[PDB]
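Which chain is which? The protein sequence lines are E and A, in order. Residues 162 to 290, 297 to 312, numbered by the authors' numbering, are exactly what the first sequence covers, in order. Residue numbers for the second sequence follow the authors' numbering, beginning at 37 and rising by one.
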Amino acid sequence: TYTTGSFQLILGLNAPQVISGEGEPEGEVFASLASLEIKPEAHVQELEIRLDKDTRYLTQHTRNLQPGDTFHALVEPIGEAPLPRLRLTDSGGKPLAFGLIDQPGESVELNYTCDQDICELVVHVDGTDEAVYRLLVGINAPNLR
Amino acid sequence: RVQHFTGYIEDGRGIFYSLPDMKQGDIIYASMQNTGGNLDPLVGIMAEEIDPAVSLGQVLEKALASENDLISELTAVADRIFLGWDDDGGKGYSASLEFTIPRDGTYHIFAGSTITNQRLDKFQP
Ligand SMILES: [Ca+2]
Numbered sequence: 162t163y164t165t166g167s168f169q170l171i172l173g174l175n176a177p178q179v180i181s182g183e184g185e186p187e188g189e190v191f192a193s194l195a196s197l198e199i200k201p202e203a204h205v206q207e208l209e210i211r212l213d214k215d216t217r218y219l220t221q222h223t224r225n226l227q228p229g230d231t232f233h234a235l236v237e238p239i240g241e242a243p244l245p246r247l248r249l250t251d252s253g254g255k256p257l258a259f260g261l262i263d264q265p266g267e268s269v270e271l272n273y274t275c276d277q278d279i280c281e282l283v284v285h286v287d288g289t290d297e298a299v300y301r302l303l304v305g306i307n308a309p310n311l312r
Numbered sequence: 037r038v039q040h041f042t043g044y045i046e047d048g049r050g051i052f053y054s055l056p057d058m059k060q061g062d063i064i065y066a067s068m069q070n071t072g073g074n075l076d077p078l079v080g081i082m083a084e085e086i087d088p089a090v091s092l093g094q095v096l097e098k099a100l101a102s103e104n105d106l107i108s109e110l111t112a113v114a115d116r117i118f119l120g121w122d123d124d125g126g127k128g129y130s131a132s133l134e135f136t137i138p139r140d141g142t143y144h145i146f147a148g149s150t151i152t153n154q155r156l157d158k159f160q161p
């Protein structure tokens with residue numbers, strides 16, 4: 162089988178002490194990450210959520226985001242259900258973005274960009290002003312429409 | 037030129053500090069850190085001393101009744117009340133501010149609490 166985990170990589174140029182595994186950083190850099198040369202890989206996930214009478218609030222936790230990443234989300238009702246409210250907060254509850262109703266008022270959308278070293282996000286959808300809605304979310308995916 | 041201060045905030049009642057006779061061209065620096073409780077620091081600088089309580093209360097009045105988007109309404113009110121301000125520029129929720137003294141005169145520094153939400157079951161600023 163394959164294996165999974167974290168790793169530490171030390172690269173040297175004309176520095177024979179690297180093969181000992183104890184080389185401290187020195188000199189001027191010579192290599193860089195290759196993935197930075199092309200567009201960031203997108204991730205998209207879709208879910209169906211239902212707001213019962215006693216369950217009019219719904220929260221979901223997201224995976225950690227690296228600095229410079231972007232976040233997008235949108236919600237569209239399955240049928241005649243009214244548009245709910247949407248907002249984005251971190252793990253402590255600090256608000257970060259609020260949903261905007263589109264001019265063809267059938268959907269709500271949200272956008273955010275990452276400033277901190279590690280960001281943990283929470284998506285809030287509430288109808289506490297058998298309704299069912301579709302939740303579409305993406306990371307580095309501006310084409311969610 | 038560095039000075040330290042310590043205080044206590046109760047239910048969003050801020051504390052004013054006076055900066056007598058600054059000169060044009062000076063640079064002010066500010067930093068505010070939480071040392072106990074659930075305080076979320078906020079710092080602002082202004083010329084004429086006026087209590088922000090009446091203006092900031094209307095922000096809580098609007099959000100409590102609707103969507104209103106707090107982060108929008110707070111920025112608009114702050115950009116009117118203060119010449120310069122910062123909410124979360126430091127490590128965590130701590131504030132940090134750089135402000136170049138516009139003209140010659142005296143100014144006031146305002147320390148207090150911002151409007152935030154700290155729950156995941158319901159939204160309540
Ligand atoms: Ca703050």
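For every residue, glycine included, the Cβ atom is placed at its ideal position computed from N, Cα and C.
Distance CB(residue i)-CB(residue j) smaller than 7 Å
{"i": "residue 66 of chain A", "j": "residue 156 of chain A", "result": "no"}
{"i": "residue 280 of chain E", "j": "residue 244 of chain E", "result": "no"}
{"i": "residue 114 of chain A", "j": "residue 122 of chain A", "result": "no"}
{"i": "residue 287 of chain E", "j": "residue 246 of chain E", "result": "yes"}
{"i": "residue 302 of chain E", "j": "residue 208 of chain E", "result": "yes"}
{"i": "residue 304 of chain E", "j": "residue 269 of chain E", "result": "no"}
{"i": "residue 136 of chain A", "j": "residue 57 of chain A", "result": "no"}
{"i": "residue 87 of chain A", "j": "residue 152 of chain A", "result": "no"}
Proximity test, residue i beta-carbon vs ligand 1 heavy atom, cut-off 6 Å
{"i": "residue 150 of chain A", "result": "yes"}
{"i": "residue 76 of chain A", "result": "yes"}
{"i": "residue 147 of chain A", "result": "no"}
{"i": "residue 276 of chain E", "result": "no"}
{"i": "residue 101 of chain A", "result": "no"}
{"i": "residue 129 of chain A", "result": "yes"}
{"i": "residue 123 of chain A", "result": "yes"}
Alpha-carbon spacing of residue i relative to residue j, whole angstroms
{"i": "residue 44 of chain A", "j": "residue 213 of chain E", "result": "44 Å"}
{"i": "residue 78 of chain A", "j": "residue 149 of chain A", "result": "5 Å"}
{"i": "residue 109 of chain A", "j": "residue 99 of chain A", "result": "9 Å"}
{"i": "residue 242 of chain E", "j": "residue 104 of chain A", "result": "22 Å"}
{"i": "residue 312 of chain E", "j": "residue 250 of chain E", "result": "22 Å"}
{"i": "residue 273 of chain E", "j": "residue 180 of chain E", "result": "43 Å"}
{"i": "residue 240 of chain E", "j": "residue 289 of chain E", "result": "18 Å"}
{"i": "residue 190 of chain E", "j": "residue 259 of chain E", "result": "42 Å"}
{"i": "residue 120 of chain A", "j": "residue 194 of chain E", "result": "39 Å"}
Exposure label - residue i; buried when at least 16 CB within 10 Å
{"i": "residue 309 of chain E", "result": "exposed"}
{"i": "residue 292 of chain E", "result": "In the model as presented, chain E runs from 290 straight to 297, which leaves residue 292 of chain E without coordinates."}
{"i": "residue 81 of chain A", "result": "buried"}
{"i": "residue 205 of chain E", "result": "exposed"}
{"i": "residue 228 of chain E", "result": "exposed"}
Inset, instruction - Output, in sequence order along the chain, the residues in the stretch 117 to 148 of chain A whose CB is closer than 7 Å to any CB in chain E. - result: Interface annotation for the stretch 117 to 148 of chain A against chain E: empty, criterion Cβ-Cβ distance under 7 Å.
Legend entry - Proximal residues, the stretch 232 to 254 of chain E versus chain A, C-beta separation under 8 Å: Listed in sequence order: 246, 248, 250, 253, 254.
Legend entry - Members of the stretch 219 to 233 of chain E near chain A, C-beta cut-off 9 Å: Going along the stretch 219 to 233 of chain E in chain order, one finds 220 with a Cβ nearer than 9 Å to chain A.
Inset, instruction - Could you run through the stretch 94 to 118 of chain A and flag, in chain order, every residue whose CB is less than 8 Å away from some CB of chain E? - result: Within the stretch 94 to 118 of chain A, contact with chain E at the beta-carbon level (separation under 8 Å) is assigned to 103, 105, 106, 107, 108.
Inset, instruction - Closer than 8 Å, Cβ to Cβ, to anything on chain A: give me those residues from the stretch 264 to 283 of chain E, in chain order. - result: Residues 283.
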